[PDB]
Each structure stands twice: as C-alpha cells, then as structure tokens.
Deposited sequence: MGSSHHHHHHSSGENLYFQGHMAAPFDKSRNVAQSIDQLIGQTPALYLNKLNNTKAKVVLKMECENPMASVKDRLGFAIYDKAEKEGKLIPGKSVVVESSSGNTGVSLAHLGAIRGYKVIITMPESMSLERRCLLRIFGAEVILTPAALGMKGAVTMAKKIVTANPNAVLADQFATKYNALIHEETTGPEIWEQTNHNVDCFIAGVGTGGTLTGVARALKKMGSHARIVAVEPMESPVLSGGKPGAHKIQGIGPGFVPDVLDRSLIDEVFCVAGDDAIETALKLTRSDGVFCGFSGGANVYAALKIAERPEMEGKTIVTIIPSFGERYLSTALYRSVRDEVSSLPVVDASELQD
C-alpha cells in the first residue's frame, strides 16, 4: 500500500491505482449519491494502467515474461497498448504494436513516444490483419510473446484485487449499485466479484452503448449521442473531463439515480480515461468545429 504523501516512489509503477473518488455535484439533481471512481487520474491517464502493470508483474512471476529477453507483441493501439508500451519501456522490454494503417496518427505517435516498434497493417484487413501480423511475429521469434493472452488472463483479477477494494474502502463499505461498461477489458467483472466477496448485495449494472450473467443484474443501453452530450455537460458542470465510456456511464448512473428505490442510496461508477486523448476524435468534434470558425479582432482595435 504505497503512501504518496510520505514517500518518494521508486518507480512510476507505484503511482498506478489508488485513484480518487468524487461525488457528482452540480450534474446530480437526484436524491441518490453518485460516486465517480477517477481512473482518468492514473499516470498514463486511464484505467488500463492497472492492466499493464498486472501483465508485467504477474507474467514475470509466472516466468512467462523475462525482462530484456521477451519481446512483447500487442495487437491493439488503444489504452491497453499505451500502457504496455509505457511500462515495457521502463522495464527494458522491446514492445511491438501491430495496428491498421487506418488508426489515427495520434495513436501511432503516443505509442512511439514510449519507444514501441509500431508496425502498420493494411486498412482493408482491419483488426484481423493486425492479429495475423502479431502471430507471424511470435511464430518467427521464440522470444516474442503475445500480450493479449495475459490481458485476458489477468484483467478481472487485477480489478478484484485493487479497484474493487479501493471503492469498498472509499465508500466506507456502502455501495448500493455499481455501474460500468459491458465491454470487458473493463472493471465490471472484478469489481463485482470484490463486492460479492465483501458480502455486498449491490446491484450490478452493465452499460452497453448503442450506435458472466450471474454477476450482472441489468444491462442498461445508452445511445451514442447521449454519451457524447453527457461527456460535455460533465466537464462544464463538475470539471470531469473524460472519454466516451465515461459519458455513457454517467448518463446511465444519473437515470438509475432517479429510481424510487435508489433514493438515499450510493451509486458508484467508473470514469475510465481522461478526455485529452480524445480532443481530435469524434467525441469532441462539435467543439472543434465551433472553434475552427471563430472571428479575429482587427489590429486597428488594439494599437491605441
């Protein structure tokens, strides 16, 4: 349990997790409390930092990654790939990312900042092209290891070990409902398991955006436009600046917070990622378009 107030970290690893929790304030006009678990405050700005750490930590203990021998091969360019590149670099591993050429230049650049080898695959073959290429690499080099196997193996576990228990402690053992995205790669499974291990009867709600069954009490559907509108209202009302998945979660949480049986209760949801990564994407396009056509004051007004 690393205490940031009284210590200097040996490694940026130690700054992963132990993220803040924040009550929704202006945007919450309901009779329920809504707690945001702020995973956007991780060192590389998303929840997936916990997964990147888990992969290196747990696979090394298993002897399946060997620092400075293993080449880590990851067929994904989103936050899991960012965290693997980030933490691979400081542990001494070469990291290869395979990604379609059609993924954004900005995604390429962030991965390369950490010294990953970025290998581009044909747009017309999509995500499958990148998976084929990763497999080609591992077949050719017996030192190379596919990361996605470990992402699958450890993801729910790290959230049952860390994220879930943090929420339990931060809310002082008071969670009536926990809400997160159904996507997997996320916190849903592990947080749900942690809560159920603590005794908690909390309602578990999976959020499914639109264009383990035992663990999930309800799937709540959220329209894309509502997730996007919510992300922008959240920043203006409460100063929380996040991506699409956080907007969808907050939209869902605010609806569920108005249910009669949720009055006086505590609802917890996740803010997975900081918003700045998405400024150039469709999420904030409306704002980009607005600022693109602003007028300019004439110099004749400014030279008195």
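Gaps in the model relative to the deposited sequence occur at 1-24, 236-261, listed in sequence order.
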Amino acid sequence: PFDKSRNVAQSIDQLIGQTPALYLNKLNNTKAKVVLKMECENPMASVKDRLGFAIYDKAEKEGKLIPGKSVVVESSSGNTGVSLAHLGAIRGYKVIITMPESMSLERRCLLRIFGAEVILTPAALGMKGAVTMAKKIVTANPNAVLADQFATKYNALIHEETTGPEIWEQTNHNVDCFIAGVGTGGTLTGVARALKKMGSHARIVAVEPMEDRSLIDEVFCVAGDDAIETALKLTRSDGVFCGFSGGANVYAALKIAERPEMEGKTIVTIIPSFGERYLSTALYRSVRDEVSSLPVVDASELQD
From here on, numbers count along this sequence of modelled residues.
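Stretches compared: 97-105, 124-132. Higher mean C-alpha B-factor in the entry: 124-132. Mean CA B-factor, 213-221 versus 76-84: the higher value falls on 213-221. Comparing C-alpha B-factors across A151, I179, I119, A194 in the deposited entry, the largest value falls on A151. For the set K64, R277, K48, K37, the PDB entry puts the maximum C-alpha B factor at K64. When all modelled residues of the chain are sorted by CA temperature factor, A257 is found within the middle third. The deposited CA B-factor of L157 belongs to the highest third of values across its chain. In the deposited entry, the Cα temperature factor of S292 sits in the middle third of values across the chain's modelled residues. Among all modelled residues in its chain, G185 ranks in the highest third by Cα B-factor.
Among the modelled residues of the chain, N28 sits in the middle third by CA temperature factor in this PDB entry.
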